[PDB]
């Protein structure tokens, strides 16, 4: 679909969808080519959406009756890179450390290659919107060829008051005598959506390409998680309770990576490969 955005400019919209049962990921990518006569560069707006399954599991610790485990996502990973020397990452959203429950931001474009991370005054716009209850979003790394976000366990309200994402007693349950590993941890109504279900990413990246320097560019988009393990141990003025201990970053970069090829002249998208 083509959208006129004013005098001598239009936007060509394309979409690519890929899922992985191996990683528990759906990448829904929107590629919006900005074709403007008044802008000396080819420009692409990437809206990265979809789903990253939390893959939260509860299992018994070995051959014990009293140590049970919760493997859960400490952090979600969102990354974008290019290997094209003619392509520059010019902007991305969210840009700064944000801890609000809902992250809702707008990228605005104006004829002449003017991008603003602030609608109606613009010729074109794209909006990101995602929930990250109890998590914080931040840029882990960035350069002219890449941007990487971390959406990590941050602040939680528990039965023992406020807890950090690093507290070993985080998510520890109320049933020390149950044989069900799920019972050793707080119920789903006490867990944030990012733990019980997964993450619905909504991220933006704008890339610029030098006019007539090459018809194609490759982009690698990575969606994943880093898993923590919480062990809940039964402890025994004769009552029993549960105590947590943590293996932080027990499983890092459990990521689904997809390589996309973009054609700047034809506006066609191809999935080159994936893991």
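Positions refer to the first chain, counted from 1.
| Counting only residues from the deposited sequence, how many are left out of the model between residue 236 and residue 237 (none, 1 to 3, 4 to 9, 10 or more)? | Just 1 to 3 residues are missing between them.
| field | Deposited residues lacking coordinates between residue 118 and residue 119 (none, 1 to 3, 4 to 9, 10 or more) | value | Gap between residue 118 and residue 119: 4 to 9 unmodelled residues.
| Given the B-factors recorded for C-alpha atoms, which segment has the greater mean, 126 to 134 or 154 to 162? | Mean CA B-factor is higher for 154 to 162.
| task | Output the stretch having the higher mean C-alpha B factor in the entry; the candidates are 198 to 206 and 94 to 102. | result | Result: 94 to 102.
| Highest CA temperature factor in the entry: which of 226, 230, 213, 53? | In the PDB entry, the greatest C-alpha B-factor among 226, 230, 213, 53 is found at 213.
| query | From 248, 35, 62, 47, pick the one with the largest CA B-factor in the entry? | reply | Going by the entry's C-alpha B-factors, 35 comes out highest.
| request: Could you tell me which third, lowest, middle or highest, the C-alpha B-factor of residue 58 occupies within its chain? | output: Within its chain, residue 58 is a lowest-third residue by C-alpha B-factor, going by the deposited values.
| task | Would you mind checking where the Cα B-factor of residue 81 ranks among the modelled residues of its chain, as the lowest, middle or highest third? | result | According to the entry, residue 81 has a C-alpha B-factor in the chain's middle third.
| Thinking about Cα B factors across the chain, which third does residue 39 belong to? | It belongs to the highest third of the chain when residues are ordered by C-alpha B-factor.
| said: What third of the chain does residue 111 rank in for C-alpha temperature factor, lowest, middle or highest? | reply: Tercile = highest for this residue's CA B-factor.
| Third of chain Cα B-factors occupied by residue 258 | Lowest third of the chain for residue 258's C-alpha B-factor.
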